[PDB]
There are 4 protein chains.
Amino acid sequence: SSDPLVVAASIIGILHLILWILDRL
Amino acid sequence: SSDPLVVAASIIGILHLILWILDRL
Amino acid sequence: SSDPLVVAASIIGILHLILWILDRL
Amino acid sequence: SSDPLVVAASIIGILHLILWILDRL
Ligand SMILES: [Ca+2]
Ligand SMILES: [Ca+2]
Ligand SMILES: [Ca+2]
Ligand SMILES: [Ca+2]
Ligand SMILES: [Ca+2]
Ligand SMILES: [Cl-]
């Protein structure tokens, strides 16, 4: 388990990557 | 809970994203 | 130990960096 | 505490930011 802050940051980070890929495609 | 180093890095990461968005807007 | 979500995000983050470096080189 | 993998990724992430800032400056 992790700090809820870290879990939040991890989710935001992944979604940021996915949005960037979809934008490029 | 997480390592204080990881908590620190998560905070820096989020603030980096927010500053980038505000700069673009 | 960390949340499996955070572990996943950390792996994705590193691989993203490695791919970017290899692309530049 | 966090997974050693996550600790590693956090350190790499911060150093990446610092190097980028120093490069820009
Ligand atoms: Ca933990
Ligand atoms: Ca806490
Ligand atoms: Ca420690
Ligand atoms: Ca969980
Ligand atoms: Ca482990
Ligand atoms: Cl963690």
Side-chain angles (χ1 to χ4, degrees):
Chain A
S1 60
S2 305
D3 195 284
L5 209 163
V6 177
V7 178
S10 297
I11 292 170
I12 294 168
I14 294 296
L15 294 173
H16 180 185
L17 170 58
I18 295 174
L19 289 176
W20 177 85
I21 290 171
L22 290 176
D23 183 274
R24 285 287 300 268
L25 293 172
Chain B
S1 60
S2 305
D3 195 284
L5 209 163
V6 177
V7 178
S10 297
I11 292 170
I12 294 168
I14 294 296
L15 294 173
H16 180 185
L17 170 58
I18 295 174
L19 289 176
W20 177 85
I21 290 171
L22 290 176
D23 183 274
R24 285 287 300 268
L25 293 172
Chain C
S1 60
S2 305
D3 195 284
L5 209 163
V6 177
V7 178
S10 297
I11 292 170
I12 294 168
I14 294 296
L15 294 173
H16 180 185
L17 170 58
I18 295 174
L19 289 176
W20 177 85
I21 290 171
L22 290 176
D23 183 274
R24 285 287 300 268
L25 293 172
Chain D
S1 60
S2 305
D3 195 284
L5 209 163
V6 177
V7 178
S10 297
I11 292 170
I12 294 168
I14 294 296
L15 294 173
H16 180 185
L17 170 58
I18 295 174
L19 289 176
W20 177 85
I21 290 171
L22 290 176
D23 183 274
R24 285 287 300 268
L25 293 172

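Just so we're on the same page: letters track the sequence lines, and every chain starts at 1. What you see below is based on every heavy atom in this structure, not just the backbone, and it leaves out hydrogens, waters and symmetry mates.
Here A/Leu17 is tied into one hydrophobic group with A/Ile14, A/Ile18, A/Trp20, A/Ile21, A/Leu22, A/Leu25, C/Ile12, each link being a pair of ILVMFWY side chains closer than 4.5 Å. Within the hydrophobic cluster formed by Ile, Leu, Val, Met, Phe, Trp and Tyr side chains joined at under 4.5 Å, directly or through other members, C/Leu19 stands alone, with no partner residue.
Smallest separation of non-hydrogen atoms from C/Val6 and A/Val7: CG2-CA, 4.1 Å.
Note that the CG atom of D/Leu5 and the OG atom of C/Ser1 stand 12.5 Å from one another [nearest 0.5 Å].
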